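J.: give me the fold of what follows.
(one chain, ligands or ions: 3)
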Amino acid sequence: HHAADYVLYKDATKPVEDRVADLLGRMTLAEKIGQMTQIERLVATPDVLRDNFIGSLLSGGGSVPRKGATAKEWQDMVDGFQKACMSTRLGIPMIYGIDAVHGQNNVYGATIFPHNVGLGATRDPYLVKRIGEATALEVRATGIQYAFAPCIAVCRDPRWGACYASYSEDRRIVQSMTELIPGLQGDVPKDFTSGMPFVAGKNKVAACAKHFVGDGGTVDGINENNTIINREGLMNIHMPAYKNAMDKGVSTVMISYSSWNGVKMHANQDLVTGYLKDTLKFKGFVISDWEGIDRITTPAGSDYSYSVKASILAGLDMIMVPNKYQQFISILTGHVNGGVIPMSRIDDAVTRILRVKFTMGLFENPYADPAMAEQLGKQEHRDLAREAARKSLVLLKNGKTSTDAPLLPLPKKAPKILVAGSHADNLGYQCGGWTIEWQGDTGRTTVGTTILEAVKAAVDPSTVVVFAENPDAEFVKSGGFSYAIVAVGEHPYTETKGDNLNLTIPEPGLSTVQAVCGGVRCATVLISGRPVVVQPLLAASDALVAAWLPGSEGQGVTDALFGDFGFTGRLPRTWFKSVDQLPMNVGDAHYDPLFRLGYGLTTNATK
Ligand SMILES: *[C@@H]1O[C@H](CO)[C@@H](O)[C@H](O)[C@H]1NC(C)=O
Ligand SMILES: *[C@@H]1O[C@H](CO)[C@@H](O)[C@H](O)[C@H]1NC(C)=O
Ligand SMILES: *[C@@H]1O[C@H](CO)[C@@H](O)[C@H](O)[C@H]1NC(C)=O
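T.: Numbering: from 1, shown residues only. Ligands and ions are numbered 1, 2, ... in the order given. This is the structure:
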């Protein structure tokens, strides 16, 4: 169609399948294998990207151009890399991915949304769609096209270090929350074939349903471990939300480190090719997790030639290497040259990778849009995160006896009040893992509002607000306080670091609560990624709120504490009496919860 130097795959008006086919048929083996390779920005240079025809880059947690980098520094870094890829013979743009799992959370100044567990407590799929929408804008503000989200694991044992990344122990809740997909990507057209990949354009990002499959069902919630359950249980609990993801056009799927009945997901041909591709008809690309193929073996990385063969024959399209690309590429090249991996397998992986790229508009907008930079931490997004924070809170107790005046909502006008606790004035702690660093961090790590700051923002100008991190019982008794707000709970963690068999919060926590509540009426705010041993904290407290990991917008906490809105959150998980009961899920054997799934007390808005 026209000028003599015309190349079909470069023609923006052509159908995606035709462009895919036209480009694929021009490619060398090297160009093909390069598309299947995703590398860390830490090992990328212009020469490496060109010489190896690299298909994709990522930032792992905390992999940033520098601390405190602006939206525009992110764009320039991404464009720098894109420039190199666009200079190859074929000029295939790379796609850059990142873990934007509660906002664009590696980035300084990015809005930080509550983690998924508290989103589950909202029972509000449309709220979650708006979060996907705002997250898309803030990822594009940094010039990135692909978010590794949503995690649609169904956590069945809160001892799991990634339990907070699961919306619920109940698959129906997880299914409903797959509305993050068309928020991140855009709504699919009414026509739309299930399993097709979709992204609306340059103001959206490709999403990723992860981690396929049963990552939530591991023995004793050990991370990356074995999920032991018959096919029926797998299909009834852990598989369903994958189909909702197919119907909403999720562009990519990430495979689990975990195994199903002793079989590593990263080597599972039956599930990856047989079920996901051949039965659900998924047509986007399938991506490994980080060194996912290495971990097929024991020890990890002890037979990488086998890691490559088994993962690629299982049906994975793109490998998150992410460091040793030369080895990955060499080994995959040798296996193809030797006839051990047929060309049809390579061609299918590349068809799928290219189909996502063409579909999302990546050949038409390979470069960042500088006018999107101001989306980062936009106040409208913060307002949305604040709403989400507030709706996620679950009120577990509001008064020690049925006859006490209920403590909450607290009055904004009082002569003198106490705010106390390790978590009352610690932004890092209220955000939890995957914020700025991989493991999260402590203190003022980004822009936001701590519980202390939110309290001072909320109260009457005549209310004197006293902060004390760990006050003793005397200080409280002598302080002339009207009430206290005390915030305690878990430290930040992610995945294996967070596997925890005792689920009891660190001290000083309980002791501060006892000291405070022994002197004056107290509202205890529990910051956690999951249910934790809570009876002693309940016994001390007049009122107690499960706030999960509410993110950067602490005024969501105080919006409810002070009665601007009623509490509406409901437990998206079972609250256990003791860890010895675990695992224990709604519908189970002898199901004996402290608070059942769906439990939450309510209040009404003041005035
Ligand atoms: C699960 O964890 C145990 C205990 O650390 C380990 O020996 C075993 O290899 C793991 N099983 C997996 C990953 O399938
Ligand atoms: C609970 O387990 C965590 C990590 O698994 C550990 O840091 C903490 O000290 C433990 N508490 C106990 C054994 O009381
Ligand atoms: C909260 O609203 C409901 C319905 O209007 C009512 O049952 C309850 O008594 C209300 N108010 C308070 C202060 O508890």
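J.: return the residues of this structure in contact with ligand 1.
T.: 222, 224, 225, 226, 259 (Cβ under 6 Å from any ligand atom). Quick note: C-beta positions are derived from backbone N, CA and C, even for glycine.
J.: nearest to ligand 2 among those residues?
T.: Nearest to ligand 2 out of the residues of the chain next to ligand 1 is residue 222 (Cβ to the nearest ligand atom; 11.2 Å).
J.: list the contacts for the residue in the stretch 351-500 of the chain that ligand 2 sits nearest to?
T.: When scored by Cβ to the nearest ligand atom, the stretch 351-500 of the chain has residue 500 as its residue closest to ligand 2, at 4.1 Å. By Cβ atoms under 8 Å, 6 or more residues apart in numbering, the contact list for residue 500 reads 159, 161.
J.: go on, residue 384?
T.: 111, 113, 127, 130, 131, 134.
J.: which of those sit farthest apart?
T.: 111 and 127 (14.2 Å; Cβ to Cβ).
J.: what lies in contact with stretch 24-34?
T.: Outside stretch 24-34, the residues that reach it (Cβ under 8 Å, 6+ apart) are 9, 35, 52-55, 88-90, 92, 329, 332-333, 336, 346-347, 349-351, 354.
J.: what secondary structure does the closest residue to residue 424 other than its chain neighbours sit in?
T.: Counting by Cβ to Cβ, 6 or more residues apart in numbering, residue 424 lies nearest to residue 487, which is 4.1 Å off, once chain neighbours are set aside. Counting by DSSP: H, G, I helix; E, B strand; the rest coil, the backbone at residue 487 sits in strand.
J.: need phi/psi at residue 420.
T.: phi -150, psi 160 (degrees, to the nearest 10).
J.: likewise for residue 277?
T.: phi -70, psi -50.
J.: give the contact list for it.
T.: 286, 315.
J.: just the buried residues out of the residues of the chain next to ligand 1, in PyMOL syntax.
T.: Buried residues within the residues of the chain next to ligand 1, by 16 or more other Cβ atoms under 10 Å, are selected in PyMOL with:
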select buried, resi 222+224+225+226+259
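J.: show residues contacting stretch 344-354.
T.: 19-20, 23-24, 27, 29, 32-33, 35-36, 55-56, 92, 283-286, 312-313, 316-318, 336.
J.: gap between it and the chain center?
T.: Remark: stretch 344-354 is offset 27 Å from the chain centroid, using Cα atoms, centre = their mean, to the nearest Å.
J.: so for it, what gets flagged as buried?
T.: 345, 346, 348, 349, 350, 351, 352, 353, 354.
J.: got it, and stretch 45-56?
T.: Applying 16+ other Cβ under 10 Å to stretch 45-56 flags 49, 50, 52, 53, 54, 55, 56 as buried.
J.: repeat that for stretch 593-607.
T.: Under 16+ other Cβ under 10 Å, the buried positions of stretch 593-607 are 593, 594, 595, 597, 599, 600, 601, 603.
J.: how about the residues of this structure near ligand 2?
T.: Checking the chain against ligand 2 by Cβ under 6 Å from any ligand atom, the hits are 500, 501, 502, 504.
J.: quick check: chain neighbours aside, which residue is closest to the third one?
T.: Translated: residue 502. In space, residue 502 is closest to residue 579, 6.3 Å off (Cβ to Cβ, 6+ apart).
J.: ok, the one you found touching residue 503?
T.: Yes: judged on Cβ atoms under 8 Å, residue 579 makes contact with residue 503 at a distance of 5.5 Å.
J.: name the residues contacting each of the two.
T.: 159, 533.
J.: which one of the buried residues of stretch 45-56 sits closest to residue 202?
T.: Nearest to residue 202 among the buried residues of stretch 45-56 is residue 56, at 17.5 Å by Cβ to Cβ.
J.: ok, the closest one - contacts?
T.: Per Cβ under 8 Å, 6+ apart, neighbours of residue 56: 37, 38, 39, 94, 95, 96, 97, 146, 318, 353.
J.: one step back: buried ones among the residues of the chain next to ligand 2?
T.: Going by neighbour count (16+ other Cβ under 10 Å), these have residue 500 buried.
J.: save the residues of the chain next to ligand 2 as TSV, and put in distance to residue 64 and secondary structure too.
T.: Listed next are these as TSV, based on distance: Cβ to Cβ, whole Å; DSSP: H, G, I helix; E, B strand; the rest coil:
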residue	distance to residue 64	secondary structure
500	28	coil
501	33	coil
502	34	coil
504	34	coil
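J.: can you name the two of the residues of the chain next to ligand 2 that are farthest apart?
T.: Within these, 501 and 504 form the most distant pair, 9.9 Å apart (Cβ to Cβ).
J.: by proximity to ligand 2, which residue of the stretch 251-400 of the chain wins?
T.: Taking Cβ to the nearest ligand atom, the stretch 251-400 of the chain has residue 257 as its residue nearest ligand 2, at 18.6 Å.
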